[PDB]
């Protein structure tokens, strides 16, 4: 009876593969050992009393996982003990569920209620796994056992998640995707076709919500999910699960061709939104989440099963987790056959919006100086999970996040931390603009915290270009603060001769009115030196400000460099020094902060940053260069080039061109020249004059060496 993600054909293929040495057999033996041990322990289907991370919540989660794993073993081995365990647990659920009220630890202000769980989302995950387990063990049951499980457990849960909470079922968000996927698959297993249609087109079958609306709205043409990478991988699992079930049940729907293969694009982009295996922590996001997460392990197997792309074996190899499925077997076989090819992590502008015209998530990468990623976020809001952070950036180098995004104020599945829920400081700190590396006007967050306006306004991607020496993008938004135009261009560059790299930042603010302008740099590392006088406050600390996140920042020190070049140098665990060299006009303060004020429940990390503060400016440009330099090896006990190699910095406008000149110690000046305007063909010619000589280049941009 398996006919959801796994079908009978997959079981027969798995049965043959299990008795041949290889990755698949070894994964099978490991699952079998674990399930056999778990079968020794009595079933635990407790009355639900705990919130996220609590015993009842985690036990119910463990139950769905065991029921799925045992069902897979039952199909492969034909051993009845696996089905009997799944049956006994389902009979227990069938007796418990009808008697359950809404969860005692429900918090409806945060999320909709569940019966098994504090929130409906976990119940939806439970249905997605449990329906598959039932589908896998259904041939083992008597008719009365099936009827009791369906009438007491499966149908009441399907009803609870759909007709009984219809607003969320018809919503176009990850929570909707989980609910639609579970009820739709239940429609297939229990022969309820209307449930499949309700999953695809909403409860009214209108078309306004449902699975198809989600695929047409939440993803851009580049496969980029509007809520961001961390919820991208989360929603991926019900997308590829229900899509695999649609293809096995109604292949005439052409689900894997729908919207020009959007399901495959979505899988691939999920992989791309990572560095050193971790998803970029933009918007609401837990920084530990990586590509070995179960949703992307599954997604890769499904995409490899559809395409046979050997590049996906590279990812599967890094995930270190063989799945007991037909597609999981295909992955295991390609790996055993040596078919692996490297996976191409791209510099790319992943467009945002269903039509691709609501900004973009830009990733700039280069390997000349090690693994480096500059992540630029001129993206749309991302809805409730979105941060108020237009044009913010991050910088990754040598395995580590150097210029940082906080992610969410949330301790996942830690019940003592408010049931693992999003904390108050996720609104008052983590979402605020001052928590990001982008301009804050008048100590006020972008859109002044107005969700509806934020949801309707987005930056415009002006351009993106990437070649071997220059990766560069610019974007603009005039709606973050009406009357203020915010424009940023960021370049990731490398010089082949030196082996050196730079991140270059040109942040232009233009207003007809005077404003306070803050540009934070939140960094990871230890402050080691400054160009200018800086002594920290010594016997008391006070918060930087009063609202919009400023109330959480302790002010540790205040500097006001003389006009010219300001330099801030820190040292990272990864063995590198980082110096930001910025142009200051003598009216710019540098405020050094530590996160942790107005934090009575110890909910925030002691993160460090410095803010460039320019008061009373109508128009201002923040020009800066981030220089990774030197080597620090505390094991062999040597240090090289600990001092910044930048001596001078100049920024000039030359018609439609922007020039950034970086003077290097005992070295040639690095001169970034790029064309500023919208459309620039690849062979367009440019010249300009710098220091009495003439320079010429084709296309968007060129880095010159001036000896």
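Residue numbers count along the first chain shown, from 1.
As listed in the deposited structure, the average C-alpha B-factor of 195-203 and of 237-245 is greater for 195-203. Mean C-alpha B-factor is higher over 104-112 than over the other stretch, the pair under comparison being 104-112 and 553-561. Per the PDB record, 99 has a higher Cα B-factor than any other of 274, 288, 294, 99.
Within the group 27, 41, 672, 70, the record's highest C-alpha temperature factor is found at 41.
When all modelled residues of the chain are sorted by CA temperature factor, residue 311 is found within the middle third. Sort the modelled residues of the chain by CA B factor and residue 536 lands in the highest third. Compared with the other modelled residues of the chain, the Cα B-factor recorded for residue 453 ranks in the middle third. Among the modelled residues of the chain, residue 170 sits in the highest third by CA temperature factor in this PDB entry. Annotation for residue 359: C-alpha temperature factor in the middle third relative to the rest of the modelled chain, per the entry.
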